[PDB]
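Structure first, commentary second.
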4 protein chains.
Amino acid sequence: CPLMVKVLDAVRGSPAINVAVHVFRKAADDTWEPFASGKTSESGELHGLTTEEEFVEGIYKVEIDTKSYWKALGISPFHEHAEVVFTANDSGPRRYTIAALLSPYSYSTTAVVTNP
Amino acid sequence: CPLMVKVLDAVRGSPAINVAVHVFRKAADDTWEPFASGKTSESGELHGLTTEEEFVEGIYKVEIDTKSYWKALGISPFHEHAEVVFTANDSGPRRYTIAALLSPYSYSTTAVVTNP
Amino acid sequence: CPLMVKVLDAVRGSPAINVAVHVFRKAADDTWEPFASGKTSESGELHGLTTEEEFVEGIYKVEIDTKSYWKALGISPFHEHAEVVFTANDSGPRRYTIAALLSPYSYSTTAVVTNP
Amino acid sequence: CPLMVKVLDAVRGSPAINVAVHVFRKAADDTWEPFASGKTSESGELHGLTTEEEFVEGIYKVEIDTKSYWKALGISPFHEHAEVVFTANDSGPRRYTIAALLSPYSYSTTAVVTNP
Ligand SMILES: Oc1c(Br)c(Br)c(Br)c(Br)c1Br
Ligand SMILES: Oc1c(Br)c(Br)c(Br)c(Br)c1Br
């Protein structure tokens, strides 16, 4: 899988488990079309969202439902979610790991991109 | 002004100057409607985006044009922009400072909410 | 004052108030000698640590007592403290702002160096 | 191995390869004694620093040589290194992953702690 998402909880110092993640791709008509979704595992990771064949060149958006994650832990966070928007595979296929480091009032997101 | 944005450049170690910032408010149609905008100053700050009278409760999105910023510096960026989506609530501190720390392939955004 | 520290709390989304900060300067014996110290204000800032006359080139260490801060809030922390070690250089901007963004199991520190 | 270090480059969006890492443990006499060292792999990871038997309860310091990393890339960074100081195994053996996200003038470090 060319697209992987990893979510970590900066309060507990652990993977953020069962976090919903939705991926969209900008369509020719400039609207966000559903592309893939899933939930993070016990390791805070989400694999198998797509394939090299399906993951074509385009602008993508990964929305991580951080609000539900914090609310489930008894915390009312600042952000509705964490959304990562980026152009992918414009110079050929690449492997993308989208990491998100979560705190109730702050989050960091990083992309580690490597060749297939 | 109850809403301010501050942006920093983690590569140069300085305020991120002249970064375009657009604020949107979610409408009944669930669409994003332009609310306020501007460019960060020499101190990397943007104030005077709104007033207490106009800044009512609701869902807001702050989009920071990080791609144009890195492009101007000749550094290849990953993200199209940095979006901060949140719900403004009156039963909470009155002033919101959205700080964004930028790196070409990584960014963090934090909300510092305080009283006047 | 050419050196200032600002600390934020990523859990509460506010300035980190009353955090102990100690500055050390590396001596010829390669040991750390106390240089300046204080506690962050209600705005999470610490200024007036030194003067331009005293702040000569050399290696400095800023230690932020993050453990005592989280302990006071009843949240189990990971780090003993946050250390920022750097070389001050005259052939570079004159003012240093060391910002630290705190989470119980994660922290980021950034240097914003500017001219007067 | 109960102690792993992962280093990422936030400018290139890739693992930070060949980064020197030194680990120390506070001795009964309150000085930092050498404990283990190594360099990050092509994946930005450093495994095999210690064992469950050797990694006893104590205060540890992981110093990541970020300066040499940036200098080798033609960049003069702010920090001399990134040092993570923490108490380990005080409630029994744990597995620690110390992650460091690097930028020339900023760095973030997070600890993901899990049971053996
Ligand atoms: O003033 C700030 C600076 Br400078 C940095 Br860097 C960060 Br991160 C945050 Br949050 C604030 Br508020
Ligand atoms: O594996 C990672 C972990 Br763990 C953390 Br924390 C961060 Br930040 C990043 Br980027 C990666 Br990739």
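Here is the naming used below: chain letters follow the sequence lines, and residue numbers restart at 1 for every chain. Because only heavy atoms are used, hydrogens play no part in the values below, and waters and symmetry mates are left out as well, while side chains stay in.
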Subject >> Heavy-atom side-chain contact between D:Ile64 and D:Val7 under 4.5 Å >> reply: yes

**OP:** Verify the distance criterion only: is there a donor paired with an acceptor across the side chains of D:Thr87 and D:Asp90 at less than 3.5 Å?
**Re:** no

Subject >> Minimal non-hydrogen separation, C:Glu57 against C:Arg25, with atom names >> reply: O-NH2, 2.9 Å

**OP:** Could you verify whether a donor N or O on one side chain and an acceptor N or O on the other, from A:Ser76 and A:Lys71, lie under 3.5 Å apart?
**Re:** yes

Subject >> Side-chain (B:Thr40) to main-chain (B:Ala16) donor-acceptor, under 3.5 angstrom >> reply: yes

**OP:** Could you grab the distance from atom OG of A:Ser14 to atom CG of D:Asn115, nearest 0.5 Å is fine?
**Re:** 11.5 Å

Original post:
Within the distance-only criterion (no hydrogens, no angle test), does the side chain of D:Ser41 pair as donor or acceptor with the backbone N or O of D:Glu45 below 3.5 angstrom?
Top reply: yes

Original post:
When rounded to the nearest 0.5 angstrom, what distance separates OG in D:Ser37 from CG in D:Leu46?
Top reply: 8.5 Å

**OP:** Mind listing the closest non-hydrogen atom pair of D:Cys1 and D:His47 along with its distance?
**Re:** SG-CB, 3.9 Å

Original post:
Between NE2 of D:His81 and CD of D:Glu63, what distance do you get to the nearest 0.5 Å?
Top reply: 4.0 Å

Original post:
So which heavy atom on D:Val19 is nearest to which on D:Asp65, and how close?
Top reply: CG1-O, 4.0 Å

Original post:
Quick one: are A:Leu49 and A:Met4 in side-chain contact, heavy atoms under 4.5 Å?
Top reply: no

Subject >> Polar side-chain atom of A:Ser103 near backbone of A:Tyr107 as donor-acceptor pair, under 3.5 Å >> reply: no

**OP:** Show the numbers, then the answer: is there a side chain to side chain contact (heavy atoms under 4.5 Å, CB included) between C:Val85 and C:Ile59?
**Re:** CA-CA 7 Å; C:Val85 181; C:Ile59 302 176; 3.9 Å; yes

Subject >> Nearest heavy atoms of B:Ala10 and B:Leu101, plus distance in Å >> reply: CB-CD1, 3.9 Å

**OP:** Please tell me if the side chains of C:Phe78 and D:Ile98 come closer than 4.5 Å, counting only heavy atoms from C-beta onward.
**Re:** yes

**OP:** Of all the heavy-atom pairs spanning D:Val113 and D:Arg94, show the shortest one and how long it is.
**Re:** CG1-CB, 3.7 Å

Original post:
Less than 4.5 Å apart, any side-chain heavy atom of B:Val62 and any of B:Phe86?
Top reply: yes

Subject >> Check: C:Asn89/C:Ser91 side-chain N/O donor and acceptor closer than 3.5 Å >> reply: no

Original post:
When rounded to the nearest 0.5 angstrom, what is the spacing between CD1 in D:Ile17 and CD in D:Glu42?
Top reply: 4.5 Å

**OP:** Go through the steps to decide whether A:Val23 and A:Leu3 satisfy the test side chain to side chain contact (heavy atoms under 4.5 Å, CB included), and finish with yes or no.
**Re:** CA-CA 10 Å; A:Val23 185; A:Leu3 182 57; 4.2 Å; yes

**OP:** Report yes if the side chains of D:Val112 and A:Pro15 come closer than 4.5 Å at any heavy-atom pair, otherwise no.
**Re:** yes

**OP:** Check whether any side-chain N or O of C:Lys39 sits under 3.5 Å from a backbone N or O of C:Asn18 as a donor-acceptor pair, and report yes or no.
**Re:** yes

Original post:
Do A:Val11 and A:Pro104 come within less than 4.5 Å of each other through their side chains, counting heavy atoms only?
Top reply: yes

Original post:
Can you find a heavy atom in the side chain of B:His79 that is under 4.5 Å from one in the side chain of A:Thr109?
Top reply: yes

Original post:
Have C:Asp9 and A:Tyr105 got a donor and an acceptor in their side chains that come within less than 3.5 Å?
Top reply: no

Original post:
Side-chain contact, heavy-atom cut-off 4.5 Å: C:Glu33 with C:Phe24?
Top reply: no

Subject >> Ring centres under 6.0 angstrom apart (A:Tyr96, A:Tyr60) >> reply: no

Subject >> Donor-acceptor pair between D:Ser106 and C:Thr110 side chains, under 3.5 angstrom >> reply: yes

Subject >> Residue pair B:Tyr69 / B:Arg12: nearest heavy atoms and the distance that separates them >> reply: OH-CD, 4.4 Å

Original post:
Between atom NZ of C:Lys61 and atom NE2 of C:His22, what is the distance when rounded to the nearest 0.5 Å?
Top reply: 11.0 Å

